[PDB]
């Protein structure tokens, strides 16, 4: 029902912090309806030791206690990446961190679980839409996860990659 943040509605660049700048990257990309939106992409499958974070802007709570996070995203399919090493991955983690004000900076909070709280490891389900951008297939999955109770002025989300190839197409944060 009630939206706290929708990346799909951005009237300009996201502006989300990425750490390191070599990992996630803001890129224009498609909706499910082929509307062109801002997305974040990471695909450092040819590099060891990948730990790439992306963090939203401060989202106000506006009275909510339980937060729902709807993610649209596309994973590439390690099988479908020519010459890829065996360490390739097909999931990302989601985290939140609450705060009393917009306290985030380049180095705070630490870029790691604790102070961030892990919501879940996110993977592609077997429900989907797939189209031929021919002949490359665009497959968009949808996953919802929720967390709470949430009590402070607001919060941040984080998305962490550790050696896969994917695009986070949309994040919709809502309550009730």
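Positions refer to the first chain, counted from 1.
Legend entry - Comparing 60-68 with 24-32, the one whose average Cα B-factor in the PDB entry is higher: Stretch with the higher mean C-alpha B-factor: 60-68.
Legend entry - Higher-scoring stretch by recorded Cα B factor average, 6-14 or 159-167: According to the PDB entry, the answer is 6-14.
Legend entry - Cα B factor band for residue 122 (lowest, middle or highest third within the chain): Middle third - that is where residue 122 ends up once the chain's C-alpha B-factors are sorted.
Inset, instruction - Divide the modelled residues of the chain into thirds by Cα B-factor and specify which third, lowest, middle or highest, holds residue 93. - result: Bottom third by C-alpha B-factor.
Inset, instruction - Tell me, lowest, middle or highest third: where does the Cα B factor of residue 78 rank within its chain? - result: Answer is middle: the recorded C-alpha B-factor places it there.
Legend entry - Where the record places residue 129 (Cα B-factor, split into thirds across the chain): According to the entry, residue 129 has a C-alpha B-factor in the chain's highest third.
Inset, instruction - Sorting the chain's modelled residues by C-alpha B-factor, tell me whether residue 51 ends up in the lowest, middle or highest third. - result: Middle third.
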